[PDB]
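Take a look at this one chain, the form deposited in one PDB entry, written out in structure tokens.
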């Protein structure tokens, strides 16, 4: 991603002689013999870069083409999201159809289980949530948003919600079964991800956050627990419990302490910028093997976060420290992803210049680590859990606060 017309300060489809006029203007603004502020020298090369393209008519051709294609991909993506947004899927299955096997993980919401549908013969992963542990949280809202959003979104790195249904005791969400395990387990076991290893994962998140933000969605809970590794070694984001559609600022305090951006901790409001903060924490924890901000208890994590004092390990390249320093920015007018150039500041950073953005999206890059596939329906990249049977009571609980499901 590069935005040549904005560098020169011109509308698309401006006249080549206004492209020349724009260049000679901006070129005078950041000329080394005239301006010496440290950022000017790189905006100078970026103004020269924009002119070398926009004046060569065949290179302005490739660039103007790749742009309408982006415009259509964003407009078709947004189209797909809103139709399924307002026409969501409900009661697309029933628990009798699925044979339960192993608990893949257990969370405050409920269980996630490996299931085989008996007719189709396919394996899936079912998230069971108990309406009685969730109507108490008063975060019926956060679990309603998770259904509406997960159905209705499409991206190579979001997990796909095949079926959803409800009964008297629980809500159910059946999803594509990612078998490589959680990134959490791999990272803890190794202790650390190598810098190229982390960059691969990081890139798919920048692409997912670009997608999700383009749809006015904040994801709000990035952590290794929530990132699963498919068989091609790529990333499936799998937990949307905190994702909300937001215009302006939102205020719920939620997500995971280590990953909470400062502005959430303060009563101040917040927006999609918090996901860019989280990415910095995610990159940090992957490269170091620990997050930049821990303590015995959340309140002291919140304190370390708002201070904006970060320490980096001895390993950690200089470009890594420069990138995190920009992501982990308490100043909302200085944090990459929030500036005028948006995701490009992240896509075009020196820590990423070795990453073919489009090849990531089309999953054509070799993955630094492929899990050992042991045959369909193996659960050995997942920890083993104590199995609690599903009980459905004679009476339907919370039938109202979950009318929409």
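Basically, rigid core = biggest C-alpha set you can superpose within 1.5 Å across the two forms. Residue numbers count along the first chain shown, from 1.
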Stretch with the higher entry mean CA B-factor, where the candidates are 111 to 119 and 320 to 328 = 111 to 119
request  = Quick one: say whether 287 to 295 or 135 to 143 has the higher mean Cα B-factor in the deposited entry.
outcome  = 135 to 143
message = Where does the C-alpha B-factor of residue 62 rank in its chain, lowest, middle or highest third?
response = highest
key: residue 103 by Cα B-factor - lowest, middle or highest third of the modelled chain   = middle
Residue 239 by Cα B-factor - lowest, middle or highest third of the modelled chain = lowest
ask   = Lowest, middle or highest third: where is residue 195 by Cα B-factor in its chain?
value = middle
request  = Would you mind ranking residue 151 by its C-alpha B-factor against the rest of the chain and naming the third, lowest, middle or highest?
outcome  = middle
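Same protein, other form: the form deposited in another entry, not shown, and the subject of what follows.
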ask   = Following superposition of the rigid core, which of 312, 184, 165, 234 is the only residue with a C-alpha displacement of 2 Å or more between this form and the one not shown?
value = 165
message = residue 288: after superposing the rigid core, is there a C-alpha shift of 2 Å or more between this form and the one not shown?
response = no
Residue 98 C-alpha relocation of at least 2 Å between this form and the one not shown, rigid core basis = yes
message = For residue 225, does the CA position differ by 2 Å or more between this form and the one not shown when the superposition is done on the rigid core?
response = no
